[PDB]
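These notes concern the structure reproduced below.
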Amino acid sequence: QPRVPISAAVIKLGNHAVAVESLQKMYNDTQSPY
Amino acid sequence: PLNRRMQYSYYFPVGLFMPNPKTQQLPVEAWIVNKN
Amino acid sequence: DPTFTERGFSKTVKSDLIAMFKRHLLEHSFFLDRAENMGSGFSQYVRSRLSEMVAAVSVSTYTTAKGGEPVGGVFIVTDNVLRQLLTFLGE
Amino acid sequence: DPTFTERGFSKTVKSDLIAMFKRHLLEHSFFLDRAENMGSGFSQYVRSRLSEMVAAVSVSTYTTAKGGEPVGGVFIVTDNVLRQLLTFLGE
């Protein structure tokens, strides 16, 4: 299957990277508590 | 050849009377430190 | 932590763990306000706390785009913590 | 150290070595907790202690991948020291 690029801020903490992101914008649009 | 022995002289006084600002302690000896 | 697991578990090491709970609670907790509070070295401080947070839980299906690095985890922060992480971790 | 070997070995230089043992024991030992303890300059401090640790023991069969640099040694750390080295030595 074709792999699509999804958006994520990727910080590299040493030898392996991690993809830090937040969903506060997804909860604020529906006026829901995060 | 770039490990030259640098040699110079230190000097320090012992037993000097500090003059008064207008002095009950008087130095008989002075202290120093080793390389240790 | 492997250092307190490789000795097995004794009844002596339990007091060390209960004290280490308090020592990790008073210092490392709320690390971002401490990184704004302190002087220099905040980038190494934030990177250190995040790297210990990754190492606490320790083909690939999720790679980075311009490289091939597997992305090995995911942080879920708030929107106020995301930018304060992205400024202290600039690159 | 070549500086105390190039003079040969005398009985005078032995006291210097026995004092230098204590001076290297009190300062440079447990350097990673000192690098977390101090202020700035921890990257140069850790890089300095590791570079002195390489220089203490001083075609190639083990090269780096994206370059051709021979890898000239290997550090074996624990898992708690590996990430605290990889944060202070970022690149």
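Ordered as shown in the structure tokens, chains take letters A, B, and onward, while each chain numbers its residues from 1 and ligands are numbered from 1 in the order shown.
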- Enumerate, as a ChimeraX atom specification, the complete set of residues in chain A that a backbone-based DSSP assignment places in strand (DSSP E or B). /A:9-13,16-22
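With only C-alpha atoms taken into account, the protein and nucleic acid residues at most 10 Å from region 16-32 of chain D (excluding it and anything under 2 positions from it in its own chain) are residues 35 and 36 of chain B; 4, 11, 12, 13, 14, 34, 35, 36, 37, 38, 42, 45, 46, 49, 50, 81, 84, 85 and 88 of chain D.
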Output N, CA and C atoms of each residue in that selection to a file, as a CSV table (one decimal), in the first residue's frame.
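Done, and the output landed in part.csv:
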chain,number,residue,atom,x,y,z
B,35,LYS,N,52.0,22.6,46.7
B,35,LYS,CA,51.3,22.1,45.5
B,35,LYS,C,50.3,21.1,45.7
B,36,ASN,N,50.2,20.5,46.9
B,36,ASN,CA,49.1,19.6,47.4
B,36,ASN,C,48.1,20.4,48.2
D,4,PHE,N,55.2,12.6,32.0
D,4,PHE,CA,55.9,12.1,33.1
D,4,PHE,C,56.6,10.8,32.8
D,11,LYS,N,62.7,8.6,41.5
D,11,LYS,CA,62.1,8.4,42.8
D,11,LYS,C,61.4,9.7,43.2
D,12,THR,N,61.8,10.8,42.6
D,12,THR,CA,61.2,12.1,42.9
D,12,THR,C,59.8,12.2,42.3
D,13,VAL,N,59.7,11.6,41.1
D,13,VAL,CA,58.4,11.8,40.3
D,13,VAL,C,57.4,10.8,40.8
D,14,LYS,N,57.7,9.9,41.7
D,14,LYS,CA,56.7,8.9,42.2
D,14,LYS,C,55.8,9.6,43.2
D,34,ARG,N,28.6,15.2,37.9
D,34,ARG,CA,29.2,16.6,38.0
D,34,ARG,C,28.8,17.4,36.9
D,35,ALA,N,28.6,16.8,35.7
D,35,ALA,CA,28.2,17.6,34.5
D,35,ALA,C,26.7,17.9,34.6
D,36,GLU,N,25.9,17.1,35.3
D,36,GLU,CA,24.5,17.5,35.6
D,36,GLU,C,24.5,18.5,36.8
D,37,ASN,N,25.5,18.4,37.6
D,37,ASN,CA,25.6,19.3,38.8
D,37,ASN,C,25.9,20.7,38.4
D,38,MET,N,26.9,20.9,37.5
D,38,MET,CA,27.4,22.2,37.2
D,38,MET,C,26.5,23.0,36.3
D,42,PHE,N,28.7,22.0,30.1
D,42,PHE,CA,28.7,20.6,30.4
D,42,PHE,C,29.0,19.7,29.1
D,45,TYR,N,32.6,19.7,29.0
D,45,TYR,CA,33.1,19.0,30.1
D,45,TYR,C,33.1,17.5,29.8
D,46,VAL,N,31.9,17.0,29.3
D,46,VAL,CA,31.7,15.6,29.0
D,46,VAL,C,32.6,15.2,27.9
D,49,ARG,N,36.2,14.9,29.2
D,49,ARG,CA,36.5,13.7,30.0
D,49,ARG,C,36.5,12.5,29.1
D,50,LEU,N,35.6,12.4,28.1
D,50,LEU,CA,35.6,11.3,27.2
D,50,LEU,C,36.8,11.3,26.2
D,81,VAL,N,23.6,5.7,31.1
D,81,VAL,CA,24.7,6.6,30.8
D,81,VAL,C,24.7,6.9,29.3
D,84,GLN,N,22.4,9.9,28.7
D,84,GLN,CA,23.0,11.1,29.2
D,84,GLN,C,24.3,11.5,28.5
D,85,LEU,N,24.9,10.6,27.8
D,85,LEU,CA,25.9,11.0,26.9
D,85,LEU,C,25.4,11.5,25.6
D,88,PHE,N,24.3,15.2,26.0
D,88,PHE,CA,25.3,16.2,26.1
D,88,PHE,C,26.2,16.3,24.9
- Can you work out the spacing between CA of residue 65 (chain D) and CA of residue 51 (chain D) in Å, to one decimal?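 Distance between the two atoms: 21.8 Å.
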- Message: Tell me as a PyMOL selection string which residues belonging to chain D come within 10 Å of chain A, counting only C-alpha atoms.
- Response: chain D and resi 82-91
- Return as a ChimeraX atom specification the residues belonging to chain C that are within 8 Å of chain D, counting only C-alpha atoms. /C:40-41,44,47-48,51-52
- Atomic separation - CA of residue 72 (chain C) relative to CA of residue 7 (chain C), Å: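 Going from CA of residue 7 (chain C) over to CA of residue 72 (chain C), I get 28.5 Å.
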Closest atom pairs, residues of chain B within 12 Å of chain D, only C-alpha atoms, as CSV:
residue,atom,partner,partner_atom,distance
B:1,CA,D:6,CA,10.3
B:2,CA,D:3,CA,10.1
B:3,CA,D:3,CA,7.4
B:4,CA,D:3,CA,10.4
B:5,CA,D:3,CA,11.1
B:34,CA,D:19,CA,11.9
B:35,CA,D:19,CA,9.5
B:36,CA,D:19,CA,7.3
